[PDB]
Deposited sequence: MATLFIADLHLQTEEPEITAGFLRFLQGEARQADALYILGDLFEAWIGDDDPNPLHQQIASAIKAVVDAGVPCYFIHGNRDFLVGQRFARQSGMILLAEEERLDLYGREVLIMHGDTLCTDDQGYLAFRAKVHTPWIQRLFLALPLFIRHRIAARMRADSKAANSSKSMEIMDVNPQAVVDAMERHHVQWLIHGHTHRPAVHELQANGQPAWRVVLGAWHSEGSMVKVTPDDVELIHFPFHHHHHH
């Protein structure tokens, strides 16, 4: 089985979500062929040089999974787009592109965070375009850490769902009948049409009282919710 998760929004303020994630990495994840994390692993990221102890606890847990023989992969979310090659090295995770077309036991699946599909949000997309410009990233990252923290705090003081056409267009660009994403925090299986055939869009949930994952096997694709009852 290949596993997909997203929208953990991990942070110092929410230790119970972190514990649920650590339990998942130590249990479920070890049995998998691979683990894909489709963005918003962290609630925020201002650079890999951040000494936040949570960051190292998380990289250390993911690295254990990778070292146990289960490749882990990452696609950036809107929250954690500044996750970089240094974290990748610490965690053993491989950074992937904003869209990837996978071959899962012969089934072709498109994966992404899902924020790019939300084309009705002009505000978000203007923001995204700027923070995805390399020289704007390298500017922000060249500031002293204490100034990056002030910038984030000052920003602080509902997520728009996908545009249906944008979904079709993406599945048609990749010629696939399967899409897995998060971002929208609306866990669901959807049926549609793409490439003249039936297609499915499987949406992951955010981690709060529950976790969620998509499990892909040779014959099946399942969206699973689990409570943190341990």
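> Counting from 1 along the deposited sequence, which stretches lack C-alpha positions?
Those stretches are 1, 159-169, 243-246, listed in order.
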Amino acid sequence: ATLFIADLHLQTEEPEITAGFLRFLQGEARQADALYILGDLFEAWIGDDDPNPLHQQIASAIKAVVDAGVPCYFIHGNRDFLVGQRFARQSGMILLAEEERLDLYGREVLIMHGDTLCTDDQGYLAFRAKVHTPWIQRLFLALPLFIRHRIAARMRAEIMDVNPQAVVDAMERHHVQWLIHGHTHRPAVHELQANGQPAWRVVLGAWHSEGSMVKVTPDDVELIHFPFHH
From here on, numbers count along this sequence of modelled residues.
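> Does residue 156 go missing in at least one third of the other entries compared here?
Yes, residue 156 lacks coordinates in at least a third of the other entries compared.
> Do the C-alpha atoms of 72-80 or of 142-150 have the higher average B factor in the entry?
Stretch with the higher mean C-alpha B-factor: 142-150.
> Output the stretch having the higher mean C-alpha B factor in the entry; the candidates are 191-199 and 178-186.
Here the higher of the two C-alpha B-factor means belongs to 191-199.
> Thinking about Cα B factors across the chain, which third does residue 116 belong to?
Bottom third by C-alpha B-factor.
> What third of the chain does residue 63 rank in for C-alpha temperature factor, lowest, middle or highest?
Middle third by C-alpha B-factor.
> Could you tell me which third, lowest, middle or highest, the C-alpha B-factor of residue 20 occupies within its chain?
Residue 20: CA B-factor falls in the lowest third of its chain.
> Within this chain, which third does the Cα B-factor at residue 93 fall in: lowest, middle or highest?
Within its chain, residue 93 is a middle-third residue by C-alpha B-factor, going by the deposited values.
> Compared with the other modelled residues in the chain, in which third is the CA B-factor of residue 40?
For residue 40, whose C-alpha B-factor we compare with every modelled residue in the chain, the answer is the lowest third.
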